[PDB]
file run.csv (CSV, C-alpha atoms)
chain,number,residue,atom,x,y,z
A,1,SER,CA,42.7,2.9,23.6
A,2,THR,CA,42.0,6.4,22.3
A,3,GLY,CA,40.0,8.1,19.5
A,4,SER,CA,40.3,11.5,17.9
A,5,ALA,CA,37.8,12.9,15.4
A,6,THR,CA,37.3,16.3,13.7
A,7,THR,CA,34.0,18.0,14.2
A,8,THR,CA,32.9,20.5,11.6
A,9,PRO,CA,30.3,23.3,11.7
A,10,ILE,CA,27.2,22.6,9.6
A,11,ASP,CA,26.8,26.2,8.4
A,12,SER,CA,28.4,29.6,8.5
A,13,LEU,CA,26.9,30.4,11.9
A,14,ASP,CA,28.1,27.3,13.8
A,15,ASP,CA,24.5,26.3,14.4
A,16,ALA,CA,25.7,22.8,15.2
A,17,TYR,CA,28.7,20.6,14.5
A,18,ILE,CA,28.9,17.2,12.8
A,19,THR,CA,31.4,14.4,13.4
A,20,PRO,CA,31.8,11.4,11.1
A,21,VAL,CA,31.0,8.1,12.8
A,22,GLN,CA,31.5,4.6,11.3
A,23,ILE,CA,28.6,2.2,12.0
A,24,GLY,CA,28.4,-1.4,11.0
A,25,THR,CA,30.4,-3.8,8.9
A,26,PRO,CA,31.4,-2.8,6.2
A,27,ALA,CA,31.4,0.7,7.7
A,28,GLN,CA,28.6,3.1,6.9
A,29,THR,CA,29.8,6.6,7.7
A,30,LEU,CA,27.2,9.0,9.1
A,31,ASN,CA,27.7,12.5,10.2
A,32,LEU,CA,26.3,12.8,13.7
A,33,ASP,CA,25.7,15.7,16.1
A,34,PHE,CA,27.7,14.9,19.3
A,35,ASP,CA,25.4,16.1,22.1
A,36,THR,CA,26.6,16.2,25.7
A,37,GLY,CA,23.0,17.2,26.7
A,38,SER,CA,21.4,13.9,25.7
A,39,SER,CA,22.1,10.2,25.9
A,40,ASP,CA,20.8,8.5,22.8
A,41,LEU,CA,22.7,7.5,19.7
A,42,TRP,CA,20.1,7.6,17.0
A,43,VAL,CA,20.3,7.7,13.2
A,44,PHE,CA,18.3,8.3,10.1
A,45,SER,CA,17.9,4.8,8.6
A,46,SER,CA,16.3,2.6,6.0
A,47,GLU,CA,13.4,2.4,8.4
A,48,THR,CA,12.8,6.2,8.6
A,49,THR,CA,9.5,7.2,7.0
A,50,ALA,CA,10.4,8.1,3.5
A,51,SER,CA,8.7,11.4,3.4
A,52,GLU,CA,10.7,12.4,6.5
A,53,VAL,CA,14.1,11.9,4.8
A,54,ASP,CA,15.5,14.8,2.8
A,55,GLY,CA,19.1,14.5,1.9
A,56,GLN,CA,20.4,12.7,5.0
A,57,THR,CA,22.7,9.7,4.8
A,58,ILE,CA,20.9,6.7,6.2
A,59,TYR,CA,22.0,3.6,8.2
A,60,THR,CA,20.8,0.4,6.6
A,61,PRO,CA,21.1,-2.4,9.2
A,62,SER,CA,20.4,-5.2,6.7
A,63,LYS,CA,23.7,-4.3,5.0
A,64,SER,CA,25.7,-4.7,8.2
A,65,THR,CA,27.0,-8.2,9.1
A,66,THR,CA,27.3,-7.0,12.7
A,67,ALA,CA,23.9,-5.4,13.2
A,68,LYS,CA,21.6,-7.1,15.7
A,69,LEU,CA,18.0,-6.2,16.4
A,70,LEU,CA,17.3,-5.6,20.1
A,71,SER,CA,14.1,-7.6,20.3
A,72,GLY,CA,11.0,-5.5,21.2
A,73,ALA,CA,13.0,-2.5,22.2
A,74,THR,CA,11.8,1.0,21.3
A,75,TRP,CA,12.9,4.6,21.9
A,76,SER,CA,11.4,8.0,21.8
A,77,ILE,CA,13.0,11.4,22.6
A,78,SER,CA,11.9,15.0,22.8
A,79,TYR,CA,14.6,17.7,22.9
A,80,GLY,CA,14.6,21.2,24.5
A,81,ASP,CA,13.9,22.9,21.2
A,82,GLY,CA,10.7,20.9,20.7
A,83,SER,CA,12.1,18.5,18.2
A,84,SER,CA,11.7,14.7,18.5
A,85,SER,CA,12.3,11.3,17.0
A,86,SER,CA,11.5,7.7,17.8
A,87,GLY,CA,12.0,4.1,16.5
A,88,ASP,CA,13.4,0.7,17.2
A,89,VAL,CA,16.9,-0.4,18.3
A,90,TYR,CA,19.9,-2.3,16.9
A,91,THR,CA,23.3,-2.9,18.3
A,92,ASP,CA,26.2,-2.7,16.0
A,93,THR,CA,29.9,-1.8,15.9
A,94,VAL,CA,30.5,1.9,16.2
A,95,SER,CA,33.8,3.7,15.7
A,96,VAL,CA,34.7,7.3,16.3
A,97,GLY,CA,38.1,8.6,15.2
A,98,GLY,CA,39.7,5.1,15.5
A,99,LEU,CA,38.0,4.1,18.8
A,100,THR,CA,35.7,1.1,18.4
A,101,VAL,CA,32.8,0.0,20.6
A,102,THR,CA,31.2,-3.3,19.7
A,103,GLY,CA,27.6,-3.9,20.7
A,104,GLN,CA,26.7,-0.2,20.8
A,105,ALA,CA,23.0,0.6,20.8
A,106,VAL,CA,22.2,2.3,17.5
A,107,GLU,CA,18.7,3.7,17.7
A,108,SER,CA,17.0,3.6,14.3
A,109,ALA,CA,14.5,6.3,13.6
A,110,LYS,CA,11.1,5.3,12.2
A,111,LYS,CA,9.9,8.9,12.7
A,112,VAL,CA,11.6,12.3,13.0
A,113,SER,CA,10.2,15.7,13.5
A,114,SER,CA,10.3,18.4,10.8
A,115,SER,CA,13.4,20.2,12.1
A,116,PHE,CA,15.4,17.0,11.6
A,117,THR,CA,14.0,16.4,8.1
A,118,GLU,CA,14.8,20.0,7.2
A,119,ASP,CA,18.4,19.7,8.2
A,120,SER,CA,20.1,17.6,5.5
A,121,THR,CA,23.6,17.9,7.1
A,122,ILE,CA,22.8,16.0,10.3
A,123,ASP,CA,22.3,12.2,10.0
A,124,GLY,CA,21.6,11.7,13.7
A,125,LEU,CA,22.8,12.4,17.2
A,126,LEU,CA,25.4,10.8,19.4
A,127,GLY,CA,24.6,11.4,23.1
A,128,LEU,CA,27.3,12.0,25.6
A,129,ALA,CA,25.4,12.9,28.7
A,130,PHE,CA,24.9,10.3,31.4
A,131,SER,CA,23.3,7.0,30.5
A,132,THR,CA,20.5,7.5,33.0
A,133,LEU,CA,18.9,9.8,30.4
A,134,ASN,CA,18.8,7.1,27.7
A,135,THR,CA,15.3,6.6,26.4
A,136,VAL,CA,15.4,3.0,25.2
A,137,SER,CA,12.6,0.8,26.6
A,138,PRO,CA,12.1,-1.6,28.3
A,139,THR,CA,15.8,-1.6,29.2
A,140,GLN,CA,17.9,1.6,29.0
A,141,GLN,CA,21.1,1.4,26.9
A,142,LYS,CA,24.6,2.9,27.5
A,143,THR,CA,26.1,5.8,25.6
A,144,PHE,CA,29.1,5.4,23.4
A,145,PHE,CA,31.4,6.9,26.1
A,146,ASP,CA,30.0,4.7,28.8
A,147,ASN,CA,30.7,1.6,26.7
A,148,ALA,CA,34.2,2.8,25.7
A,149,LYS,CA,35.2,4.0,29.2
A,150,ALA,CA,36.9,1.0,30.6
A,151,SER,CA,39.0,0.5,27.5
A,152,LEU,CA,40.2,4.1,27.3
A,153,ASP,CA,43.7,5.1,28.5
A,154,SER,CA,41.9,7.7,30.8
A,155,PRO,CA,38.1,7.8,31.3
A,156,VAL,CA,37.6,11.2,29.6
A,157,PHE,CA,36.6,12.9,26.5
A,158,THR,CA,37.3,16.4,25.4
A,159,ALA,CA,35.5,19.0,23.3
A,160,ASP,CA,37.5,21.6,21.4
A,161,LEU,CA,34.9,23.3,19.2
A,162,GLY,CA,36.0,25.9,16.6
A,163,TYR,CA,34.7,29.3,15.9
A,164,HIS,CA,33.6,29.3,12.3
A,165,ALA,CA,36.1,26.5,11.9
A,166,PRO,CA,36.5,22.7,12.5
A,167,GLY,CA,37.5,21.4,16.0
A,168,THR,CA,38.1,18.1,17.7
A,169,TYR,CA,36.5,15.5,19.9
A,170,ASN,CA,39.1,13.3,21.7
A,171,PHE,CA,38.4,10.2,23.7
A,172,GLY,CA,40.8,8.7,26.3
A,173,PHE,CA,43.4,11.4,26.4
A,174,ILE,CA,44.1,15.1,27.0
A,175,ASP,CA,45.9,16.9,24.2
A,176,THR,CA,48.2,19.2,26.2
A,177,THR,CA,49.0,21.1,23.0
A,178,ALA,CA,45.4,22.1,22.4
A,179,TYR,CA,45.0,24.8,25.1
A,180,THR,CA,46.9,27.7,26.8
A,181,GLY,CA,47.7,27.9,30.5
A,182,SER,CA,46.2,25.3,32.8
A,183,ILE,CA,42.9,23.4,32.9
A,184,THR,CA,40.7,24.3,35.9
A,185,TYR,CA,38.5,21.4,37.1
A,186,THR,CA,35.1,21.9,38.8
A,187,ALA,CA,32.5,19.6,40.4
A,188,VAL,CA,29.7,18.0,38.5
A,189,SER,CA,26.3,16.9,39.7
A,190,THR,CA,24.9,13.9,37.7
A,191,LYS,CA,21.5,14.1,39.6
A,192,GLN,CA,19.6,15.3,36.5
A,193,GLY,CA,21.7,13.2,34.1
A,194,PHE,CA,23.7,16.2,32.7
A,195,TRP,CA,27.2,17.5,32.9
A,196,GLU,CA,25.9,20.0,35.5
A,197,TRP,CA,28.2,22.4,37.2
A,198,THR,CA,28.3,25.8,38.9
A,199,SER,CA,30.0,28.7,37.3
A,200,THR,CA,31.5,31.2,39.8
A,201,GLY,CA,30.2,34.3,38.0
A,202,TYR,CA,30.5,36.6,34.9
A,203,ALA,CA,31.8,39.8,33.4
A,204,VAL,CA,30.5,41.9,30.5
A,205,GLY,CA,33.2,43.3,28.2
A,206,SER,CA,36.0,44.9,30.3
A,207,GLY,CA,33.7,45.2,33.3
A,208,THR,CA,34.7,43.9,36.7
A,209,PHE,CA,33.8,40.2,37.2
A,210,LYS,CA,30.7,39.6,39.4
A,211,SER,CA,31.1,36.7,41.8
A,212,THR,CA,27.8,34.7,41.8
A,213,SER,CA,26.9,31.0,41.5
A,214,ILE,CA,25.3,30.0,38.2
A,215,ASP,CA,24.3,26.4,37.9
A,216,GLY,CA,24.1,25.1,34.4
A,217,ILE,CA,24.9,22.3,32.0
A,218,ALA,CA,27.8,21.9,29.5
A,219,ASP,CA,25.8,21.1,26.3
A,220,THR,CA,27.5,20.7,22.9
A,221,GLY,CA,24.1,20.0,21.3
A,222,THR,CA,22.7,23.5,22.1
A,223,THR,CA,23.9,26.4,19.9
A,224,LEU,CA,23.6,29.4,22.2
A,225,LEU,CA,24.4,30.4,25.8
A,226,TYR,CA,21.3,30.5,28.0
A,227,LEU,CA,21.7,32.3,31.3
A,228,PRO,CA,19.5,33.9,33.9
A,229,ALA,CA,17.6,37.0,32.8
A,230,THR,CA,19.5,39.3,35.1
A,231,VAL,CA,22.9,38.3,33.6
A,232,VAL,CA,21.6,38.5,30.0
A,233,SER,CA,20.0,41.9,30.6
A,234,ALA,CA,23.3,43.2,32.0
A,235,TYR,CA,25.1,42.0,28.8
A,236,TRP,CA,22.7,43.4,26.3
A,237,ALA,CA,22.5,46.7,28.1
A,238,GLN,CA,26.1,47.3,26.9
A,239,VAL,CA,25.1,47.0,23.3
A,240,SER,CA,23.6,50.1,21.7
A,241,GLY,CA,20.2,49.5,20.1
A,242,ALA,CA,19.9,46.0,21.6
A,243,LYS,CA,16.5,44.9,22.8
A,244,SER,CA,14.5,41.8,23.6
A,245,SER,CA,12.0,41.0,20.9
A,246,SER,CA,9.1,38.7,21.7
A,247,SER,CA,8.2,38.4,18.0
A,248,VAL,CA,11.7,37.3,17.0
A,249,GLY,CA,12.1,35.2,20.2
A,250,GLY,CA,15.0,36.9,22.0
A,251,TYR,CA,17.6,39.6,22.1
A,252,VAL,CA,18.4,41.3,18.8
A,253,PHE,CA,20.8,44.1,18.0
A,254,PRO,CA,21.9,46.2,15.1
A,255,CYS,CA,24.2,44.1,12.8
A,256,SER,CA,26.6,47.1,12.7
A,257,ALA,CA,27.2,46.8,16.5
A,258,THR,CA,30.6,46.0,18.0
A,259,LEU,CA,29.7,43.3,20.6
A,260,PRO,CA,31.5,43.2,24.0
A,261,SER,CA,33.0,40.0,25.2
A,262,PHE,CA,31.4,37.8,27.9
A,263,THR,CA,33.4,36.1,30.6
A,264,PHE,CA,32.3,33.2,32.7
A,265,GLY,CA,34.0,31.8,35.8
A,266,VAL,CA,35.3,28.3,36.4
A,267,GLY,CA,36.5,28.3,40.0
A,268,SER,CA,39.1,31.1,40.2
A,269,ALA,CA,39.7,30.9,36.4
A,270,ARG,CA,38.0,32.7,33.6
A,271,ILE,CA,36.8,31.9,30.1
A,272,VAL,CA,36.4,34.9,27.8
A,273,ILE,CA,33.9,34.6,24.9
A,274,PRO,CA,34.9,37.1,22.2
A,275,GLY,CA,32.1,39.5,21.1
A,276,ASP,CA,32.2,38.1,17.6
A,277,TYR,CA,31.1,34.7,18.9
A,278,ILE,CA,27.9,36.2,20.2
A,279,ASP,CA,26.8,37.4,16.7
A,280,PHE,CA,24.3,35.0,15.0
A,281,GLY,CA,23.6,37.1,12.0
A,282,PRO,CA,20.5,38.7,10.4
A,283,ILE,CA,17.2,37.6,11.9
A,284,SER,CA,16.0,37.0,8.4
A,285,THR,CA,17.8,37.3,5.1
A,286,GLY,CA,18.7,40.9,4.2
A,287,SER,CA,17.8,42.3,7.7
A,288,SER,CA,20.0,44.8,9.4
A,289,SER,CA,18.8,43.4,12.8
A,290,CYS,CA,20.9,40.5,14.1
A,291,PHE,CA,20.2,37.7,16.6
A,292,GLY,CA,22.2,37.5,19.8
A,293,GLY,CA,24.1,34.4,21.0
A,294,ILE,CA,23.4,35.0,24.7
A,295,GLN,CA,19.8,34.6,25.6
A,296,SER,CA,17.7,34.2,28.7
A,297,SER,CA,17.1,30.7,30.1
A,298,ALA,CA,13.9,31.8,31.9
A,299,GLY,CA,11.3,29.3,31.1
A,300,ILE,CA,13.8,26.6,30.0
A,301,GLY,CA,14.2,25.6,33.7
A,302,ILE,CA,18.0,25.3,33.4
A,303,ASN,CA,21.0,27.4,32.4
A,304,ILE,CA,22.8,26.0,29.3
A,305,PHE,CA,26.5,26.5,28.5
A,306,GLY,CA,26.0,25.7,24.8
A,307,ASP,CA,28.3,26.0,21.9
A,308,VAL,CA,28.8,29.8,22.2
A,309,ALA,CA,30.4,29.3,25.6
A,310,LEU,CA,32.1,25.9,24.9
A,311,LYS,CA,33.8,26.9,21.7
A,312,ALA,CA,35.7,29.6,23.7
A,313,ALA,CA,37.3,26.8,25.7
A,314,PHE,CA,39.1,23.4,25.7
A,315,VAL,CA,36.6,21.3,27.7
A,316,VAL,CA,37.4,18.1,29.6
A,317,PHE,CA,34.4,15.7,30.4
A,318,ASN,CA,36.0,13.6,33.1
A,319,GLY,CA,34.0,10.4,33.5
A,320,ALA,CA,36.0,9.1,36.5
A,321,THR,CA,34.0,7.5,39.4
A,322,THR,CA,33.4,11.0,40.6
A,323,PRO,CA,32.9,13.0,37.4
A,324,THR,CA,34.3,16.5,36.9
A,325,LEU,CA,34.5,19.1,34.2
A,326,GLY,CA,37.7,20.9,33.1
A,327,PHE,CA,38.0,24.2,31.3
A,328,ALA,CA,41.0,25.9,29.7
A,329,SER,CA,41.5,28.9,27.5
A,330,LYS,CA,42.9,28.2,24.0
call {"tool": "encode", "arguments": {"input": "run.csv", "output": "structure tokens"}}
result
Amino acid sequence: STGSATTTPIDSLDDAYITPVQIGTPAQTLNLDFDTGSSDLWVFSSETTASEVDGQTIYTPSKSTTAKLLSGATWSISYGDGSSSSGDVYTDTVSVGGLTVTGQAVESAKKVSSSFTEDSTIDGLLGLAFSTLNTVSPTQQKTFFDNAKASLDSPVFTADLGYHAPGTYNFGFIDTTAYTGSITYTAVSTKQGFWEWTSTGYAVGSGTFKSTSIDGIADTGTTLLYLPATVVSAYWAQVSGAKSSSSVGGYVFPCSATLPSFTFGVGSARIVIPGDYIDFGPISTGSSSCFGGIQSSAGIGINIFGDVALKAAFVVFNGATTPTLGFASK
């Protein structure tokens, strides 16, 4: 089997992307944030504290003939941005782009933090990291991909995120028309539960590529590119007027700037992020100061190849017995 679904930016900055997902019988379609940095599929629901719902579409398990309550099970997650959610657990039929998993754990939120409430466009998350990170207790549950894997034509999914435009998540096949040149594959460590890999270096603009190992995670659920302070400083030093602002919370630059590209290495291959992808717009409405899309990972504890990086590539998440990641230009 295969599946193919379009993913759509939630706003004009590509802050996140949402993908329609069918849950239950009859189908209830919710727009979920596919997150390769976490491993829980959780949704706003009829059980979510009413004052914490503000415009989201909710899952109502009592209206699904296929919903089953997982007796006594709970879940609770905290994300890197400090947001969180928790609740109880159902299993139900879940379909993405024509691919169906029966008995998928659907984690129903009883509580969500303010950042989730305040974002009316995201109805929940669909985790695509390794199932070892799943937070269900007492017994951990499998991700949608883990459950679908054995049925797929090939044990892979691909992320093809758009710049200020829709893109595609495919399951079970590689669309050879979706990229230019070849896909370069690189090793993955699953030791921390992430799609963790080692980039072979970077370049700033037209500068010569610097060969250096940069361990990080491929994370569709993170907006920006977070890299070591050395790398990030080298990038912003090429932007006139750029500076790190502790009050804003990162590097800012004059909105009138022409930003250089940023290149990262995948083996001997190279992915070039255009300068425009690094512009995240005015720091506040009407400001002439803009927020940068490449920021320091210092104090996160891990480097993150988030959407800024991933949307410059066609990315293969290969879930074979020994997982790997593939990157192609597009």
call {"tool": "residues_around", "arguments": {"input": "run.csv", "residues": "residue A:308", "least_positions_apart": "4", "cutoff": "10 Å", "atoms": "only C-alpha atoms", "output": "PyMOL selection string"}}
result
chain A and resi 14-15+161-163+220+222-226+273-274+277-280+293-294+312-313
call {"tool": "closest_residue", "arguments": {"input": "run.csv", "among": "A:33, A:107, A:219, A:196", "to": "residue A:141", "atoms": "all atoms listed in the file"}}
result
A:107
call {"tool": "atom_distance", "arguments": {"input": "run.csv", "atom1": "atom CA of residue A:197", "atom2": "atom CA of residue A:9"}}
result
25.6 Å
call {"tool": "residues_around", "arguments": {"input": "run.csv", "residues": "residue A:228", "least_positions_apart": "3", "cutoff": "7 Å", "atoms": "all atoms listed in the file", "output": "PyMOL selection string"}}
result
chain A and resi 231-232+296-298+303
call {"tool": "residues_around", "arguments": {"input": "run.csv", "residues": "residue A:238", "least_positions_apart": "2", "cutoff": "10 Å", "atoms": "only C-alpha atoms", "output": "number ranges by chain"}}
result
A: 204-205, 233-236, 240-242, 259-260
call {"tool": "write_last_selection", "arguments": {"input": "run.csv", "atoms": "C-alpha atoms", "output": "mmCIF file, keeping the file's coordinate frame"}}
result
data_model
loop_
_atom_site.group_PDB
_atom_site.id
_atom_site.type_symbol
_atom_site.label_atom_id
_atom_site.label_comp_id
_atom_site.auth_asym_id
_atom_site.auth_seq_id
_atom_site.Cartn_x
_atom_site.Cartn_y
_atom_site.Cartn_z
ATOM 1 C CA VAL A 204 30.500 41.900 30.500
ATOM 2 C CA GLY A 205 33.200 43.300 28.200
ATOM 3 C CA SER A 233 20.000 41.900 30.600
ATOM 4 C CA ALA A 234 23.300 43.200 32.000
ATOM 5 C CA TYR A 235 25.100 42.000 28.800
ATOM 6 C CA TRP A 236 22.700 43.400 26.300
ATOM 7 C CA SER A 240 23.600 50.100 21.700
ATOM 8 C CA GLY A 241 20.200 49.500 20.100
ATOM 9 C CA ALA A 242 19.900 46.000 21.600
ATOM 10 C CA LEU A 259 29.700 43.300 20.600
ATOM 11 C CA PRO A 260 31.500 43.200 24.000
#
call {"tool": "atom_distance", "arguments": {"input": "run.csv", "atom1": "atom CA of residue A:156", "atom2": "atom CA of residue A:173"}}
result
6.6 Å
call {"tool": "closest_residue", "arguments": {"input": "run.csv", "among": "A:112, A:81, A:318, A:122", "to": "residue A:187", "atoms": "all atoms listed in the file"}}
result
A:318
call {"tool": "closest_residue", "arguments": {"input": "run.csv", "among": "A:287, A:38, A:212, A:28", "to": "residue A:193", "atoms": "all atoms listed in the file"}}
result
A:38
call {"tool": "residues_around", "arguments": {"input": "run.csv", "residues": "residue A:181", "least_positions_apart": "3", "cutoff": "12 Å", "atoms": "all atoms listed in the file", "output": "NGL selection string"}}
result
:A and (176-178 or 184 or 269-271 or 313-314 or 327-330)
call {"tool": "closest_residue", "arguments": {"input": "run.csv", "among": "A:266, A:68, A:110, A:5", "to": "residue A:50", "atoms": "only C-alpha atoms"}}
result
A:110
call {"tool": "atom_distance", "arguments": {"input": "run.csv", "atom1": "atom CA of residue A:128", "atom2": "atom CA of residue A:82"}}
result
19.5 Å
call {"tool": "closest_atom_pairs", "arguments": {"input": "run.csv", "of": "stretch 91-204 of chain A", "to": "stretch 75-80 of chain A", "cutoff": "7 Å", "atoms": "all atoms listed in the file", "output": "CSV"}}
result
residue,atom,partner,partner_atom,distance
A:135,CA,A:75,CA,5.5
A:136,CA,A:75,CA,4.4
A:137,CA,A:75,CA,6.1
call {"tool": "residues_near_point", "arguments": {"input": "run.csv", "point": "(34.0, 3.9, 9.9)", "cutoff": "9 Å", "atoms": "all atoms listed in the file", "output": "PyMOL selection string"}}
result
chain A and resi 20-30+94-98
call {"tool": "residues_around", "arguments": {"input": "run.csv", "residues": "residue A:131", "least_positions_apart": "4", "cutoff": "10 Å", "atoms": "all atoms listed in the file", "output": "number ranges by chain"}}
result
A: 38-40, 127, 135, 140-147, 193-194
call {"tool": "closest_residue", "arguments": {"input": "run.csv", "among": "A:285, A:84, A:324, A:256", "to": "residue A:239", "atoms": "only C-alpha atoms"}}
result
A:256
